[PDB]
Every structure is written in C-alpha cells, then in structure tokens.
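Take a look at this single chain in structure tokens; it is the form deposited in one PDB entry.
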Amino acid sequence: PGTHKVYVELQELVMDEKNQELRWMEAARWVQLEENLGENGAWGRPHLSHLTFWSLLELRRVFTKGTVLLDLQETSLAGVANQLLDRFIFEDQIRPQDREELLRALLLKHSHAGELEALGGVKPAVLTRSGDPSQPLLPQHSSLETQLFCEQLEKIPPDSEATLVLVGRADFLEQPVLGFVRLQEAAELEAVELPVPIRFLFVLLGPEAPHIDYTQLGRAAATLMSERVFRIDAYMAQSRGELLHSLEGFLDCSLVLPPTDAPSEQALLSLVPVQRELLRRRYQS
C-alpha cells in the first residue's frame, strides 16, 4: 500500500507518415525488464537496460535543476500538464510564451503499438514555435536496442502502478527541462492503454543539443524508475533533494564499461565480483 511495483512506459513525440501530424507513441516498456517497440509493430525481446554515458550525464544535469510536483492532488492529464507548466514558469524552466505550444503538444493523442499497422508509420518529429512539426536538424541515429532486439502483460503484478515517461523535442525551448510528478492518488489516464493506474509522470522536453539523445534520456529515466531503491525513494520522497540523493546513489553503483579492442567474453566474467559489490553498496547504504 505504501509502495507498489512500477510498470514504466516510454513515449516519444513522433510524426506519423500518412497525415504528418505529431503524436505521442510508446517506444519501450519496463516490467522488471525492458521491451522495445520496433518499426514493424511487434515488441522485441526483453533485455537488461543498458544506459549510455551521455544519457546519464544529461539525466543528472536536468534532474539537478528539475521541477518536481510531489503529492499533486489531480486526476486528469490535462490538469497535470497545466500544473507542470505553471511550475515550469515559476521555476524559470520555460518562458511563458512556450506554455501554449507545450500544452498543445502534451495533450496530443497518445497512441500505442496497435495503431502501427493502421498508420503508415512513425518518424521522429520536432515541435516548433507554431503548431507545425519539423524534421530534426541533428543527424538521425537508429535506436541501438531496435537494431539489436527488435529486428527478427500478464507478468504485470495486480497492485502495480504505472509510470509514464514522455520525451519530446522542441527547438523553441531554451534548455532541456525535467518534470517529475507524483500523484496523490494513482489515477487512470488516457495516455496509458493498460488498466494500470498512473502514479509517476516523467516529462523530458528540450531542444536539439550535442550528446543529448532524448530516446536514450527517456530510457535512462525509465531504468532509474525501474530500480528498486530509487522506486522506493521516489515513493517516499518529500522533496527534490531525496530524489537527487537517490540518483547519486544510483550513479555511485553504476558500472561503466569502456570500449576495448578485444571482447573476450571471459574478461567480462571477471567483473562479476564488481557487479555483486556494487549491488551490495546500492542495497546497504
């Protein structure tokens, strides 16, 4: 009752091919393991969530100055978006001119995998000063997980609550912004098709910047939400400082594996004690 297991969904602002109207569509989901959604429309193989260094860099940077709304007494996604944008303006995260377009982007239709066969496809999109969507200026890199696992719901616990992670690109925004919202009571939103109530909202919006991949940033946020210690801390957090402390503990026990010319598959096994001790340090203090 105090804490629940968390199902995480990552959704990205994308362009559909048939009508060229930008819409929210899920890209990956976390039920104790990450499943990615390919271009064909079938979920890939579940796998352990590996994070890039830059994604964790940017997650820490946007979380340090991030906006958090804890125990927010609201039930609808529109009201939550209104409150988050008001707190964004209060914290100088966004300018008041950005509010109308950010709101109009937040209540777009949240689609799922079932619409991929109906629609022509999905393409990455960037939201402009007006309502028009654009083609991203920075070079496009295909998703690594899509290239690895994609190309070829009964596991959800009954008392689990959902977490929605929304990543979007907006060229008119001055800097990337983080929005973390914990609802006072878990509420069923139209954003998630599943009958799992929503407790947490992750909103990561920003302009195109070097070393910032918003898909990878959303993956890092979702992996952090799927971590047991951070999940408990987010449930019990009463301020942004507790979330930041949990994130520092998360990064202290993260294992960074640098490039090496010879992947032997046996020198990798030499880091089993390292992984065990890092998990011990994460679980103890």
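In this text, the rigid core denotes the largest set of C-alpha atoms whose superposition between the two forms falls within 1.5 Å. Residues that one form lacks are left out of the comparison. For every residue, the number given is its place in the sequence shown, counted from 1.
Unmodelled residues of the deposited sequence between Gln152 and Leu153: 10 or more.
Another form, the form deposited in another entry, is not on view; read the next lines as being about it.
Of the residues listed here (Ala191, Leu173, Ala186, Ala113), only one shifts its CA by 2 angstroms or more between this form and the one not shown after fitting on the rigid core, and it is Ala191. The distance between the CA atoms of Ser49 and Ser264 is at least 3 Å shorter in the other form than in the form shown here.
Annotation: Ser264/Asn36 CA-CA distance shorter in the other form than in the displayed model, change of at least 3 Å.
Taking only residues common to both forms and fitting on the rigid core, the CA shifts of 2 Å or more between this form and the one not shown cluster into runs of 3 or more residues at 190 to 195, 261 to 270.
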